[PDB]
Structure formats: C-alpha cells, structure tokens
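What follows is a single structure, written as structure tokens, with notes after it.
Heads up, the Cβs are rebuilt from the backbone with ideal geometry, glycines too, and the neighbour counts pull from every protein chain shown. Rule-based calculations on the coordinates, nothing more; no lab input.
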Amino acid sequence: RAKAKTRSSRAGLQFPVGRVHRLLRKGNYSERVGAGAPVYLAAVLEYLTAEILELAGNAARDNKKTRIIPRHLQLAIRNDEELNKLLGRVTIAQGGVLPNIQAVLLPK
Amino acid sequence: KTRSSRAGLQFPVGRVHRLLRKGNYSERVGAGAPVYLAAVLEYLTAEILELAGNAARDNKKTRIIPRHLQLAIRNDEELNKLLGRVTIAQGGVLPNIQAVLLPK
Amino acid sequence: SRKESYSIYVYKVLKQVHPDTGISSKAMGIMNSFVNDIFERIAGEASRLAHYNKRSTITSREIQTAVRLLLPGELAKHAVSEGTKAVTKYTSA
Amino acid sequence: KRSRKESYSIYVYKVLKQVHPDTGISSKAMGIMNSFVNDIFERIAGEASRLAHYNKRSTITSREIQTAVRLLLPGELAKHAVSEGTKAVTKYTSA
Amino acid sequence: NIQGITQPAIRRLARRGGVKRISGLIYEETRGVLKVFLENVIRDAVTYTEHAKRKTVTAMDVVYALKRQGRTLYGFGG
Amino acid sequence: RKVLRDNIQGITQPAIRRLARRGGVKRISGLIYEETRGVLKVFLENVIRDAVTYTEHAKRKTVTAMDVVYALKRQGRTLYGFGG
Amino acid sequence: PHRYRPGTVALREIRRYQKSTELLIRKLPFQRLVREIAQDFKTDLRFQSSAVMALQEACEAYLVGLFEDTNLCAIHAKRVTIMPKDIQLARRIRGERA
Amino acid sequence: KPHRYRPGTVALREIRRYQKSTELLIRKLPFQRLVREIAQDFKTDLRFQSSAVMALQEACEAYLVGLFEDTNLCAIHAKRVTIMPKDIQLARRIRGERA
DNA sequence: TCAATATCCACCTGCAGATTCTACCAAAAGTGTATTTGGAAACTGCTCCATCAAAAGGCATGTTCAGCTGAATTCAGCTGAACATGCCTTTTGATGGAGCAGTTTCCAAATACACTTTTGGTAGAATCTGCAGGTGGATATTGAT
DNA sequence: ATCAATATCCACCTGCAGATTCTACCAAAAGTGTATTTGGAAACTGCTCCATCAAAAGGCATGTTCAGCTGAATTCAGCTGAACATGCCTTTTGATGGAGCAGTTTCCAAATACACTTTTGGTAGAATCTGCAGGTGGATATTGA
Ligand SMILES: [Cl-]
Ligand SMILES: [Cl-]
Ligand SMILES: [Cl-]
Ligand SMILES: [Cl-]
Ligand SMILES: [Mn+2]
Ligand SMILES: [Mn+2]
Ligand SMILES: [Mn+2]
Ligand SMILES: [Mn+2]
Ligand SMILES: [Mn+2]
Ligand SMILES: [Mn+2]
Ligand SMILES: [Mn+2]
Ligand SMILES: [Mn+2]
Ligand SMILES: [Mn+2]
Ligand SMILES: [Mn+2]
Ligand SMILES: [Mn+2]
Ligand SMILES: [Mn+2]
Ligand SMILES: [Mn+2]
C-alpha cells in the first residue's frame, strides 16, 4: 500500500482538512459533502486566522510585547475596517476598547 | 385517519414532518415533533387572523388586507416583538405623531 | 410544477376565528411568509439544541424549548399549551 | 475515562509561526482564536447549507463555500479568501 | 438615475415617517443612504442569481438578500 | 445559604462611573446610576433566562460557561473566549 | 388672499400618508435606478416584475423607518427640522456605520 | 495650597486610564450575588461554573461600555457634555432594545 | 367669538377585477412489515462548585466647596413651507415574440459506505521565560500668582 | 510670564506563574473495494420579460413670499467633580466536603428502510361579490379681525 498523505498537505494547508470535512457532515448543513468543500473552507478559515494573526502580532510588537494577548486581538480587529465589520457583533473577552475621546470633551 | 386529524388541527402535520426531515435540521425527527410544531404554527396563525380580522371590521371592510395585519402586529406588544425585524409588505406604518410637533 | 403553500390551512383557521371574514391575495402571501419564518426559527433553534446536547434526533421537547426561547411571554405559554395538547390528543388514538 | 476535547490550537500556532516566527500567544488569546475559527466556520457552512437548499441541491460543493464567502466576507478579505481557497483546491485535485 | 428619486418623493416618505420640517440638505443625504441600501441588497441578490446560474433576478433572490441583510420581507415568496 | 436581596445596589456608582469612563463619558447626570442599574438588570435577566433554559433542556443543575455563550448568541451579543 | 400657516399642511400630509400604505416613489425612476445599479454587478440582467416590487417595499420601508429614528434625534437636539446629522447619529447608533 | 485640578481634568485622566486597560470594572463578588439572585428567580437550586459568571460579566460590562458610547453621542448631539437618562433612553430606542 | 375659505368625513350606489368554489388528477401522505438504532435507566469515578476562615487593604460612602455646565431668555437673519403656474415624464395598455427558466431523460464522474491500516492530536508531566509588580529618577501637564 | 504640585513616563530588575517542550496511548484520518445517484448536459416548452408607441394627465420643477426656526449670546442657579477622612467588605488563599457531571454498559421503545394503496392539495376553471370611485353635502378645522 502507498504512504498516507494528509489531505491538508496535498492542499498545502496548515489547517486540518479532514477535521473540516467531518464537521461539515456532523453539522447537518447538507445531505452530502463534496471533496473540495472541506479543502476550500479550510483554506479560507486558515487564511482568515492568518490575517488577524499578522495584525495582532504587529499590535504586540507596538506595545513592546512578544506574546499576543486578547487586547492585541481587539486593537488588531477594531483598527481594520474589514475585520471590524466581520466581527462587528462580536465581543472579545478582555479586549477593552480603542483609545478614543470625543473632540468636544477636550479642553480649549 | 389523517395524521393531523388525530391531533385535531388544520395545519398539515404530515407536510410539516416532511419539511423537517428534508430540512437538514437533525439526523432524525420524532413522531411528536411535527405534531407539536404544526400546532404551534396553527396557534400563532389564529392569533394573527383573530386580531387582523377585528381590524378588518374596524376599518369597516370584510376582507383582511395587509394593512389589517400590520395594525394587528404593531399594536400587540408580543407580536410586534416576535416580528420586530419583519416588514409586512403593503402595510404602511401606525398613525403616530410626536406631540412636540402638534400646533399650539 | 406543484407550488405548495399554507393558503388552504391559513384559510380553514381564518374561517374558525372569523367565519364571516375573508382574506386578500397579498394578505395571504404575508401569512404564508409568516408560517415559513416561524417554522424556520423554531426548526433552527430546535436543530441547534440537539447538536449542543449531542443528540441526533429532534423530538417534541426540542421544539418546545425552541418555542420557549423564541416567543414572548404570553405568546409562548399558549403556544406550549396548544403544543402539548395537540401531542396528547395525537397520542390518544 | 479521559474525554479528550478537540481545538484548533495546533493549527493557529503553526500559522502564528509563519507570520511571526518568534511571537507567542497566551491561552486566553488562543481561546479567542478558537472561538473566531468556529464562529466563521459556522457562518460559512451555514450560509452554504442555505445556498444549496434554495437551489434544490443535496450536496455542498466547494462552489457553495465560495459563494458563501462572497456573501459573508467584506470586499478585500473576500478576494484574498476566495483566491487562496481556489488555490488550495486546484492544488488538491492535482493529487 | 438616482436623482430620479424626486425631492417630493423623499418628502412623502419623511411625511410617513412623521417628519414635520425638512432641511434642504437632507434630500441629497437621503439619496446617498437609499443608494447604499439598494447597492447592498442587490449585490447580495445578484450573487444568488448567479449562483443559481441565471440571467433573471427573481423575487426570491431579493427576498433571500433582504433576509441576509436583516431586512426580512413578508409577502413575496417567504 | 442566605436570602439574596437588593443585590443590584451592589453595582455601585464608582463602578458605573468607571464603565462610563471606558465608554469615554466625561460628565454624568446624578440620575444615571439608577438608569444603568435598571438597564443592567434587564440585560442580565435576559441573558440569564435564556441560559438557564439551555441548562434545563440539558437536564442539569449547573449553568455552564457554554449555556451563557449560547444565550449571548441567541441575543446577538456573541462572545469569544469561553469555549464554543 | 387665503393661506394656511407654515407647518399645517404638513401635519395634514403626515396624517394622510401614515393612513395610507401605497408606494411613495415613482415606479419607473426606481426600476431605472435598480436596473442601473444591478448593471455594475452583472450585465444584461432581467428582473421579475415582482423582484422590483420586493425591492421598493424594502427601500421605502427602510427609509420611512430611518426617518422616524432621525426625527427622534432632531427632537432630542431640541429642533423640529431633520438635519443630515440627525440621519448620521441614527445610522451610527443602529450599527449601520457605527 | 492645597493643589486642585479643575472639573473635568481628572475625568479625562480617568477616561484615558480606563480605555488603556482591560480589567473588569465591576467588583466580582457583588456581581456574583446579583447573578445568583436573578437566576434564583427563574429556577431555584442552580449552581454556576466559576467561568459562566466570568462570561456573564465580560458580556455585561462590554454591553454597557458600548451603551455609554452611544449614550455619550446622544449627549453631544443635544449640544451637551453631561449624559443623562434622556440620552440612554434614545440610544436604546434607536438600537431597538426598547422601541 | 365671528365668519369666509378649504378640508374632511360620511352617505349611498353600480361594475368588474379579483375573491371563491369547483371538477379532476399526480404526488405526497398513510398503511404494513422488518430493521436499526438512540440514549434513557442504572451505577460510579471524581472534577470543581459551594462554603468557610482570617486578615489587610483596596475602595465605597459621606462631606465640603465651588467651577462650570445646563438651561432659561432674548433676539433676528434666513431657510424652508405654502401656493401658483408651467408642462415634462410617468402611467395605462395591450401587443408581439423570443430570451429564459424550467423539465424530463440519460449516465459518467462523484459520493457514500464498510473495514482495515496508519498516525496526527490530545492529556499530562517536565523545564523554561515573558512580563507583572515594584522602584524612582526624568519630563510633561496643570493650576496658581 | 515663571513656579511646584502632581501625574505620566519608561529603562531596569527578578521571581514564578503561565507558556512551551517532550512523551505515550488512541479516536480519527487515510487507504481500498464496491455501491449508489447527483445533477450536468441535450431537446423543447410555455412563461414571462422586454420593447414598442401613442396618448394623457398627474405629478414635478420654478418662482414669489415671509412665517416661524434655528443659531447665537448672555446670565445665573445649583449640580456634579474633585478631594478627604472613615472604616467596611471585597480580595486572597487554601482546606474540605460532595453534589452532579460524565464516562460506560445494556436495552425497549422509537425512528428509519422500502414497497403498495389512498386521498389530498393544487391548477385551471365556471360561480360571486367587496370596494373602489364619484358626487354631494354637511360638519370640521383653520385663520383673519
Ligand atoms: Cl467539492
Ligand atoms: Cl417526539
Ligand atoms: Cl447636518
Ligand atoms: Cl433625563
Ligand atoms: Mn429571589
Ligand atoms: Mn429486513
Ligand atoms: Mn445506542
Ligand atoms: Mn451651557
Ligand atoms: Mn432560447
Ligand atoms: Mn506521530
Ligand atoms: Mn503527534
Ligand atoms: Mn510594568
Ligand atoms: Mn420677520
Ligand atoms: Mn457662580
Ligand atoms: Mn454523589
Ligand atoms: Mn381534496
Ligand atoms: Mn370610497
């Protein structure tokens, strides 16, 4: 028999393709799931976690830290128009809010 | 011997049960599910019609139009809630004016 | 093709509550939309409940909880009532 | 007598290393990532399921996932998402 | 074609919304909002049309799009 | 245990004022504190009512972190950080 | 030689239009706007005569709703005339543009 | 003197302070009782995972911080700087929480 | 109030555009048998939730005292409602006809199953290090004179 | 236009509580080997969707007027922020007793697999009627004197 290659590696993905397939089945979204769907979806999820990760990392670098924390994810998310809209109705535990004071409240 | 007749309902208990199995909701459906649900559907329907009718009368008409439904909806706290994000087409809005705007 | 709906059923019911009353064509569509929406919400909630408790079957119990999660106060109680009532009688014979 | 529970941690961490070779992530943060991944998974798959139903299809192809992404994700994130998905899939089918 | 939405129309709307006095700048501001609303709802609808592989946009497409946007509309297919 | 009563007054002004500062509020009308409490209580009862409903459908005597996360989602206040 | 004071015909309009449920925008112009918009997404399309109604009902309902909220915002600012900013605060708090 | 900052100096100092951090602003125990109380009125003899309560608080506090933001905005619209019940009321009606 | 506009609400009344109520049929739905299988009782290991104890300090409460903020008033340019008047674009109506969206009718490529191997995760100990919590000199900011 | 009276900064500093590294079972993925069908093509069909196109007012720009409204500007009572002195009660830290969570067996009762028998519900129709539209007047509601 031939060597076992994880479907992920055949896609050059870091995310578990088989996991995504299994879940597409247990979830009852459809009677049957294609072969690429888990691959496509897994790629996307991997692509999205990659995107926020890059921003948070920079956000960690800015604050002079090396270990990401929830606040970095917040800043990352709330400063990017898009991730902000995608997660507009999401509350990130221990994230805080963006430093922001209404102009009119400042001294004159 | 219609599965609905047993439950003493008008709404199709069978059709509903079909709609469930085929709707990708769960691997399997129970005998009661279609029953219980269809009855919850019939119930709510009656409620809308009951109040919509009364509006049909109050408007002097005899046939319930969309307006009578909207009036029946937006006037009931609970229906208005359950349907707080729905747009009854050709329904208009409830006659209301901010007293701050009334003359004198 | 066959385009099914709830037009018949909405009407039978309409005939009970208001025998002397009729219903528009559009107004009937609205009614259809309503039944379909509530069915979806109820079904969906019910669906998720099962998944959470790692149950693979949607009984009348998930339907009832879904109803209790979705409808407002008095609306829910009467809904549940009518719901168990229907189930009870169904089980009679 | 154990109850091993799954998570995406192993993978987040690999992606964390490609974008930031030497940066770490606390467990509270990793928790927030798992949430995120499941939220989007749920959302995508959900919309996908609906897309198949509206069209009388009984199966979810990578085509359903794609329209889903186009409906759920905002503009530029969608472009990039879609591109990488198509890439992963055409690469996959080349055995 | 957006200017097709005459001020008088915008006034009838505001009138149904219960507005007594209208500023002149509103009219354009309202044509901007209307525009975004249609764009969004159609961009989603057409997407459904094209997934269905069609050249005709149906009530259901609009309907499903409205639901997407959180603007559920009864009376046109669901 | 011991009768739990008037616990809403546990949410003090100092705290209501600290939450407003994060909200970026500079000045606060003295009548705000009773409003907040009222709003907070209505918010909490709803999240908690849905949760315990989930807890009862799963036939447990314990409200789990997930019971809450699901309650929050039903209400459109999706929370990240405690599972799910 | 006869004149209703400013603001009175208006209350008459408010009362009138809130009583009715007819569409308030000229059909053709709308359908024209719709079709134009759609073009920027996919050319040579076609719309069920209904699909354009579902669209009008949607819009007007959205706008009329948005005006109520707007009107409230003006009231809140002690005014009685809706200003573009009243529309922005409304949409800002709705989460439409936050 | 004694030294003395003018009305609003410390207020802005506080805003800057509480926006730079992420710690829950409400006291833990009080919040817990309130929870156990409200919950007792729906179902008696319930128990809570320490974290269910931590979630609840994360959620309540985020909720109110967003509420104050909108509130505060309705105060600046009425050409004011002091938020009032009047403001919280408008914010919630427009959000749809209590039309 | 009085009294002239303009409105607006009723009071009947007849035709037809849409309800309806039928006549008849494919297509669910329902009936009968066999399978398959889902978890509900019945135990149990044991994780973590409820209580507590005790101590020290971080904070909530009250209190003064007065700087400003909210609000009440006063005061007009001028912006936006009420009418008229001039017609331009939107309606109303089939009418023609073919772009399309359905609709069967094959089946090759794609999925689903059923075991059988293989091995990528996950639940714990090991072993480390970001960085939390202090410390305290700069430097900025703030409010007094 | 200078002064200290504070608050905010940050570069170091160093345990220690969370990572992060290192290892053994397995509950999935990963192979093959058959079985099952989904859902594109083709071949046409009946439905709408799109244009014409010819009037015909209804509804929309312009204008003319000026009646309130929406900004300013002032002014002041008194409310809310800033500080402190008190001393309460929230934190912190385990220490322990079990309630009830969950992991594991064993099933009847319960839902799923086909394979025929039966109305039921939906279309396209002949039967019926509820309002829309108009026309009049007669109170209403405005608004000027
Ligand atoms: Cl696929
Ligand atoms: Cl059942
Ligand atoms: Cl403005
Ligand atoms: Cl107030
Ligand atoms: Mn109580
Ligand atoms: Mn058998
Ligand atoms: Mn079993
Ligand atoms: Mn002021
Ligand atoms: Mn053709
Ligand atoms: Mn291995
Ligand atoms: Mn491994
Ligand atoms: Mn530090
Ligand atoms: Mn003047
Ligand atoms: Mn003074
Ligand atoms: Mn026990
Ligand atoms: Mn029949
Ligand atoms: Mn009439």
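When residues in the stretch H:11-43 are screened for being in a loop (DSSP other than H, G, I, E, B) and closer than 22 Å to residue F:43 by Cβ, 9 of them pass. Taking the stretch A:54-91 as the range and being of a type in the set (A, V, I, L, M) and over 17 Å from residue D:41 (Cα atoms) as the test, the residues that pass are A:55, A:56, A:59, A:60, A:68, A:69, A:73, A:75, A:76, A:77. State yes or no: is residue G:93 away from ligand 2 (no atom under 16 Å from the Cβ) and more than 25 Å from residue E:40 (Cβ to Cβ)? No; evaluated as a whole, the condition is false for this residue.
With F:38, F:30, F:24 as the choices, which residue is under 16 Å from the mean Cα position of the chain (by Cα) and more than 16 Å from ligand 5 (Cβ to nearest atom)?
Numbers: F:30 fails: under 16 Å from the mean Cα position of the chain (by Cα); F:24 fails: under 16 Å from the mean Cα position of the chain (by Cα).
Unique residue meeting the criteria: F:38.
Residues are listed down the side, and each one gets a yes or a no for (1) more than 30 Å from residue G:81 (Cβ to Cβ); (2) within 16 Å of ligand 5 (Cβ to nearest atom):
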position: H:20; (1), (2): yes, no
position: H:27; (1), (2): yes, no
position: H:32; (1), (2): yes, yes
position: H:53; (1), (2): yes, no
position: H:75; (1), (2): no, no
position: H:80; (1), (2): no, no
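Of the candidates B:3, B:85, B:74, the single residue that is under 30 Å from residue G:77 (Cβ atoms), among the charged types (D, E, K, R) and touching a helix residue (DSSP H, G or I) at 6+ places or on another chain (Cβ under 8 Å) is B:74.
Among the listed residues B:39, B:33, B:56, B:46, identify the single one that is crowded, with 18+ Cβ neighbours inside 10 Å, over 16 Å from the mean Cα position of the chain (by Cα) and either at the interface with chain C (Cβ under 7 Å from one of its Cβ atoms) or in contact (Cβ under 8 Å) with a residue 60 or more places away in the chain (or both). Working first, answer last.
Numbers: B:39 fails: over 16 Å from the mean Cα position of the chain (by Cα); B:56 fails: over 16 Å from the mean Cα position of the chain (by Cα); B:46 fails: over 16 Å from the mean Cα position of the chain (by Cα).
Step by step, each of B:39, B:33, B:56, B:46 is checked, and only B:33 is crowded, with 18+ Cβ neighbours inside 10 Å, over 16 Å from the mean Cα position of the chain (by Cα) and either at the interface with chain C (Cβ under 7 Å from one of its Cβ atoms) or in contact (Cβ under 8 Å) with a residue 60 or more places away in the chain (or both).
Set side by side, the residues C:4, C:40, C:62, C:45 differ, and just one is among the acidic types (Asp, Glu) and in contact (Cβ under 8 Å) with a residue 24 or more places away in the chain, which is C:45. May I ask you to list the residues in the stretch E:51-78 that are at the interface with another protein chain (Cβ under 7 Å from one of its Cβ atoms) and within 22 Å of residue B:68 (Cβ to Cβ)? E:72, E:73, E:74, E:75, E:76, E:78 - these are the residues of the stretch E:51-78 that are at the interface with another protein chain (Cβ under 7 Å from one of its Cβ atoms) and within 22 Å of residue B:68 (Cβ to Cβ). Scan the stretch G:83-91 and give yes if some residue there is crowded, with 18+ Cβ neighbours inside 10 Å, closer than 17 Å to residue B:100 by Cβ, more than 15 Å from DNA strand I (Cβ to nearest atom) and facing chain E (nearest Cβ under 9 Å), otherwise no. The answer is no, given that none of the residues of the stretch G:83-91 is crowded, with 18+ Cβ neighbours inside 10 Å, closer than 17 Å to residue B:100 by Cβ, more than 15 Å from DNA strand I (Cβ to nearest atom) and facing chain E (nearest Cβ under 9 Å). For residue G:15, the criteria (1) touching a strand residue (DSSP E or B) at 6+ places or on another chain (Cβ under 9 Å); (2) charged (D, E, K, R); (3) farther than 30 Å from residue E:53 by Cα hold in every case but one, which is (1). Anything in the stretch B:71-82 that is more than 9 Å from chain C (Cβ to nearest Cβ) and buried (at least 19 other Cβ atoms within 10 Å of the Cβ)? List them, or say none. Correct list: B:71, B:72, B:73, B:74. Filtering the stretch H:68-82 to residues that are more than 7 Å from chain F (Cβ to nearest Cβ) and away from ligand 4 (no atom under 13 Å from the Cβ) leaves H:70, H:73, H:76, H:77, H:79. Scanning for something more than 7 Å from chain E (Cβ to nearest Cβ), closer than 26 Å to residue B:65 by Cβ, surrounded by fewer than 21 Cβ atoms within 10 Å (Cβ to Cβ) and touching a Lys or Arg at 6+ places or on another chain (Cβ under 6 Å), does the stretch G:1-21 turn up at least one residue? The answer is yes, given that some residue of the stretch G:1-21 is more than 7 Å from chain E (Cβ to nearest Cβ), closer than 26 Å to residue B:65 by Cβ, surrounded by fewer than 21 Cβ atoms within 10 Å (Cβ to Cβ) and touching a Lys or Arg at 6+ places or on another chain (Cβ under 6 Å). Can you tell me which residue within the stretch D:75-95, out of those that are more than 15 Å from residue D:44 (Cα to Cα) and in contact (Cβ under 8 Å) with a residue 12 or more places away in the chain, is nearest to the other protein chains (Cβ to nearest Cβ)? The residue in question is D:89. Counting only residues that are hydroxyl-bearing (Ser, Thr, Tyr) and more than 24 Å from residue A:92 (Cβ to Cβ), the stretch F:49-84 holds 3 of them. Against the numbered list (1) among the charged types (D, E, K, R); (2) more than 8 Å from chain D (Cβ to nearest Cβ); (3) within 18 Å of residue D:84 (Cβ to Cβ), residue A:25 comes up short only at (3). When H:99, H:39 are checked against the criterion of being surrounded by 18 or more Cβ atoms within 10 Å (Cβ to Cβ) and either away from ligand 2 (no atom under 16 Å from the Cβ) or over 14 Å from the mean Cα position of the chain (by Cα) (or both), H:39 stands alone in meeting it.
Any residue at all in the stretch H:68-77 that is aliphatic (A, V, I, L, M), out of contact with any strand residue (DSSP E or B) (no Cβ under 7 Å at 6 or more places or on another chain) and under 15 Å from residue F:23 (Cβ atoms)? It would help to see each step written out before you state the result.
Our first condition is that a residue be aliphatic (A, V, I, L, M); within the stretch H:68-77, this holds for H:73, H:75-76.
The next check asks that each one be out of contact with any strand residue (DSSP E or B) (no Cβ under 7 Å at 6 or more places or on another chain); those that pass are H:73, H:76.
Okay, now just the ones that are also under 15 Å from residue F:23 (Cβ atoms), so H:73, H:76.
Within the stretch H:68-77 (the criterion being aliphatic (A, V, I, L, M), out of contact with any strand residue (DSSP E or B) (no Cβ under 7 Å at 6 or more places or on another chain) and under 15 Å from residue F:23 (Cβ atoms)), the answer is yes, since at least one residue qualifies.
Of all the listed residues (D:57, D:63, D:43), the sole one being under 28 Å from residue F:77 (Cα atoms) and away from ligand 3 (no atom under 16 Å from the Cβ) is D:43. Pairing residues of the stretch E:8-31 that are within 7 Å of chain G (Cβ to nearest Cβ) and assigned to a loop (DSSP other than H, G, I, E, B) with residues that are crowded, with 20+ Cβ neighbours inside 10 Å and of a type in the set (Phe, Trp, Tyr), at Cβ distances under 7 Å and at least 6 apart in sequence or on separate chains, gives E:17/G:67; E:19/G:67.
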